[PDB]
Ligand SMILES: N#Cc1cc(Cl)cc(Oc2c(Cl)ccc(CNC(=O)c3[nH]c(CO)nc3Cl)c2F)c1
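Form solved without the ligand, single chain, as structure tokens, below.
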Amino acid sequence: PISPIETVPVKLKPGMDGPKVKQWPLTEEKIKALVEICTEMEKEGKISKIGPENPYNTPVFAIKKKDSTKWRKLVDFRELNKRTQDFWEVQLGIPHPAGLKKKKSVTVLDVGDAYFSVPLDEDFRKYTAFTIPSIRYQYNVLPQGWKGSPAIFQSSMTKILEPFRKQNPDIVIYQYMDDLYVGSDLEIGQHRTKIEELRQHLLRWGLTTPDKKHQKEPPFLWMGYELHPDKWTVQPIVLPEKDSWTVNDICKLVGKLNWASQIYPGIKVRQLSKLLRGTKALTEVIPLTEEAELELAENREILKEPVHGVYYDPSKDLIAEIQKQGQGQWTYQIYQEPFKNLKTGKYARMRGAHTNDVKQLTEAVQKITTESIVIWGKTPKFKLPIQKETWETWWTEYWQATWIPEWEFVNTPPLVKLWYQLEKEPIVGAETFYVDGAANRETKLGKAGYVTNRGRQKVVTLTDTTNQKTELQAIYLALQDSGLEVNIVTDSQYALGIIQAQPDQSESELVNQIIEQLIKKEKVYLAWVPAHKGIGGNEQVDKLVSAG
């Protein structure tokens, strides 16, 4: 039936008018599915025959559902969607089984033909004109294909349930579209009585709940999961086995893996992900790199294993544990009692041209924190592979505000560390290098070199380069020709800002070579001086590399 709920007032965008677009051809089978559905909707007042008083039109079609027997009628409203006003989406995210608490009685219910039970504003009905080829109808209810439909339904549903929620604050109703998870701490007879009350409430507002879709016994099928009473599980994940992979193939495998990582610990997709670079189209084919090759294999082995998650006990604590995976990849498991994960995940986001492990760890902690707050509404305690002293050093010598919430060290390598440590004071008995670089904007030609206090001077010439690059080149050069202990003096704010942040990884081949050298050295000390101010021997090296 149609809800007697108030319609939600909608309008087109200003100066815009409804859509005129020719129906396209349809399969015979689809045409029959269509009029079986329409002759029935029309009969129930969900749609009305229109005449020549309606200029507009929009193409319709259909697709089989998950029950494979029933058809879902759809409307390619892409055009009317463009000319329909903005809504504020009310759905703020996706509920997660690991955020559910142990319940004594559980029920799952679908609403029957949900959209077609919510009336559509009268002034707007005309813009939904469609045509069934073999009859011209228009929608009186919400149509599947329009951009107003999800939020209008989600809000409508929330109105309808407020009364029951307020009357019954200790029944918990997870509400995702027309899907309802209902949980209570009542005995099965009392619970079932409450479910009937909920079904009648819903039916008073025109929303039927078919028994066919009413789950009474575990395990429950919910949001892609199976809820058993003490544990939950994700419905099986199947990975493609192409031997030739396209961009789309790849993109389709990284998704299923991401999906998998919420409960499958140790998943990685760096090497797969790299393939996706430069590829100008979904259909492009790409050969797996040797390391991508190997990676996919590791994940395939992971999926074979049997795994579940548990529900949430608020009396206990939330603990998050982080594992370093290499190459800017991290895995985490969130739990309350050891070896009983609530859930898991990964962090593999490369942010920054240059960075190091302690930074990324800080970024992993922040992501996990934000996610725990969405799912459980509180921060977890951390276990991290980083010694208190390492973190203390980094915090001490980093010119930025940084911080991690309450955490305890876990010696599960590979541990997170600082791979080198610049000195705070200049080094006694270490050769002092004054480095510099210059480049010609037009020719792209340049020079990098040094001068040392012991009389050494070297100048190297370059091509297709830049100022920044030649400043970084000069530094690399001084590391290459210096001993195990070196003082380096530069006038490059650019170069000094990178190196002082103690990176161990970079996009830049050159910064990587520099990092290698910094790791080998026993002591390095980097000082800055303002350029072009006659400060020897910055002055001396300036003259050298300035033959351009």
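Don't overthink the numbering: it's just position in the shown sequence, from 1.
As for the form solved in complex with the ligand, it is not shown, yet the points below apply to it.
The binding site of this unliganded chain is blocked: after the ligand is superimposed from its pose in the bound PDB entry, three or more of its atoms come within 2.4 Å of the backbone or C-beta atoms. Residue-level contacts in the bound PDB entry: of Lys82, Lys381, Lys378, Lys102, one residue has a heavy atom within 4.5 Å of the ligand, and it is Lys102. Residue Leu227 is the only one of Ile386, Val141, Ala320, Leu227 with a heavy atom lying within 4.5 Å of the ligand in the bound PDB entry. Contact with the ligand in the bound PDB entry, judged as any non-hydrogen atom within 4.5 angstroms, is confined among 238-246, 388-396, 261-269, 218-226 to 218-226. Taking the partner from the other structure, the ligand in the bound PDB entry has a heavy atom within 4.5 Å of a heavy atom of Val182. A residue is said to contact a partner when one of its heavy atoms sits within 4.5 Å of a partner heavy atom; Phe87 fails this definition for the ligand in the bound PDB entry, lying far away. Among heavy atoms of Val108, some come within 4.5 Å of the ligand in the bound PDB entry. Proximity of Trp407 to the ligand in the bound PDB entry falls outside the 4.5 Å heavy atom cutoff. Heavy atoms closer than or equal to 4.5 Å to the ligand in the bound PDB entry belong, across 161-181, to the residues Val172, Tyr174, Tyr181, ordered by sequence position.
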